[PDB]
Each structure stands twice: as structure tokens, then as C-alpha cells.
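Here is the structure we will look at, set down as C-alpha cells.
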Number of protein chains: 2
Amino acid sequence: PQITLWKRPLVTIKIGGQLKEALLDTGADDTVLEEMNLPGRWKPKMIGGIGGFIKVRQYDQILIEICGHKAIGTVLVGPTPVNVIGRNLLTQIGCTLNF
Amino acid sequence: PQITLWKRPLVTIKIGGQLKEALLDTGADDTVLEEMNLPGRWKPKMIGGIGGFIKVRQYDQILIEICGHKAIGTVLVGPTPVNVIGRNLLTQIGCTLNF
Ligand SMILES: CCOP(=O)(COc1ccc(C[C@H](NC(=O)O[C@H]2CO[C@H]3OCC[C@H]32)[C@H](O)CN(CC(C)C)S(=O)(=O)c2ccc([C@@H](C)O)cc2)cc1)OCC
């Protein structure tokens, strides 16, 4: 689809078999979701945002469907203010900026 | 143009007679730029993201040129680690997400 930006580009995603809402975030290198339960192994990691750094749980090679488009990649889980889909997954679904 | 997201979507902007690099950021409601001593009246504000909040100065009706596309709107200035062009200005240059 073509998504204008007068509203937040929020989309429904499916991860771990559960539906959620997430923000398409071209300013994020990585995908960071709020606290949740995900199966499998994970490693501690740090990520920095506008306000500093936080601790997150890094889940690698995770299946995630974004607005009907499938991706398999890294998902960070931690105290983010909102679920953000970052460039690591936006590239998988073929997302580009256009103007 | 069409910007792929393999790398950060950085572009040259002109603001307050200065050239700078900034991210086209669909995840930012508004625009936040590095400390710069702009003229005019301003209003203190707090903006938050990953890692917490930072203090910024809100300037209204600021002219910005983004890849030769002129825009005018609110610009927040402060100790942000990165310059982000937010949706308030992206809509003005006709920017969309596409996949
Ligand atoms: C020199 C580099 O220093 P750092 O590395 C951090 O640099 C950064 C910092 C911020 C960003 C942009 C943000 N991306 C981001 O957080 O991405 C995370 C995840 O992926 C990683 O990649 C980049 C960082 C990691 C995001 O797009 C936009 N945000 C909102 C989202 C979170 C809902 S917002 O910025 O918080 C924001 C809040 C309020 C407003 C009002 C005005 O509307 C406007 C913007 C990109 C790189 O270290 C720490 C200093």
C-alpha cells in the first residue's frame, strides 16, 4: 500500500501468534516491541534512543507479519514507549520512502 | 525520489541559513534538531522516546528545505543525538511509505 503521514503509520502485526499494533519507523535501525512473552532463546542487549540507553531482550530470526507482509529477523523486546518496526524489517517487506 | 532503507534515510536540510543532515523519520510526530541558536521566541518542552525524555526549545513557523522541498512548521531544538525530520514536515513535502 501507499501510506501517507498525516496520521501515525500504525499497522497490525502478527508475532508469536498474537496480533499487535506497531509503528512503521524509518528512523529506527532496529525493531523494538514493548514487554511481551516470546518463545525461544534470547540474549541481553543495549539499545540507545533519543533519551538514552535501555536493556532489551534480543530475539533473533523471529517470524513476524507486518501489514500482510512476512519478515524473519531480529526483534528487540523492552521498555520502549511504543512498538516500532525498524529498518531491519522494513527492508524485508520492501518498504521505501517516496516524495 | 525513492529512498530505500538499507541505510539510514539521511538527507541534507537547510534551516536558519545552515546546512545539516537529518533523518526522514516516519516514527517522529514532530521535528527535532541539534542545538542551534535560532532567533525568535520559543517555548520549553519535554519530548520522550527510547531511554526517556530530553529538554528542547519549541520554535514555530520555521522554514526548512528538505531535498529542495520547502516546508514550514514547528521545530524542536535541543541536545538530541540525531536530527529527525518528523511527520509535521514530511507531509508538507509529500512523503509516503510504500511497499
Ligand atoms: C548518535 C546516536 O546516538 P544514539 O545511538 C540514539 O540515536 C538516535 C535517537 C532517536 C532516533 C529516532 C527514533 N529512532 C529510535 O529510537 O530507534 C531505536 C531503535 O533502533 C535504534 O536506531 C536508532 C536508535 C535505535 C524514532 O525514529 C523516533 N522516535 C519516536 C519513536 C521511538 C516512537 S524519537 O526519536 O524518540 C522522538 C520522540 C518524540 C518526538 C516529538 C518531537 O514528536 C520526535 C521523535 C534515531 C537515532 O544513543 C543514544 C543517545
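One table, with the values for the structure above:
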item: Label point 7 Å beyond Cα of A:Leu19 along Cβ direction - residues of the range A:59-99 with amide nitrogen under 14 Å; result: A:65-68
item: For the protein assembly as shown, calculated [θ]222 nm from helices alone, where every DSSP H run of n ≥ 4 adds -39500 (n - 2.57); result: -500 deg cm²/dmol
item: Cβ-based exposure ranking for B:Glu34, A:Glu21, in which fewest neighbours within 10 Å come first; result: A:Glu21, B:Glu34
item: Label distances, nm, A:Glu21 versus same residue in remaining copies, Cβ-directed 7 Å point; result: 3.5
item: Label geometry 7 Å along the beta-carbon vector: B:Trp6 inter-copy distances in nm; result: 3.5
item: At 7 Å out from Cα toward Cβ: A:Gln61 inter-copy label distances (nm, ascending); result: 5.8
item: Fewest-first sequence of A:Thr91, A:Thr12 by Cβ atoms within 10 Å of each Cβ; result: A:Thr12, A:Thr91
item: Set of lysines with alpha-carbon distance to B:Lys70 below 18 Å, sequence-local pairs under 8 removed; result: B:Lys14, B:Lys20
item: Anchor A:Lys55: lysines whose Cα lies under 17 Å away (excluding residues fewer than 8 positions away in-chain); result: A:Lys43, A:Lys45
item: Residue-wise HN-Hα coupling along the range A:89-98, computed from phi with Karplus coefficients 6.51, -1.76, 1.60 (Hz; x: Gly, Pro); result: 9, 4, 5, 5, 8, x, 7, 10, 8, 9
item: Value of Rg to Rh for the range A:19-81 (Rh from inverse mean 1/r over Cα pairs, i.e. Kirkwood); result: 0.93
item: Debye, to nearest 20: dipole size of chain B, +1 on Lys, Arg Cβ, -1 on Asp, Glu Cβ; result: 120 debye
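As a convention, Cβ positions derive from the backbone with ideal geometry for all residues, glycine included, and neighbour counts pool all protein chains shown. Each value in this text was obtained by applying a stated rule to the coordinates, not by laboratory testing.
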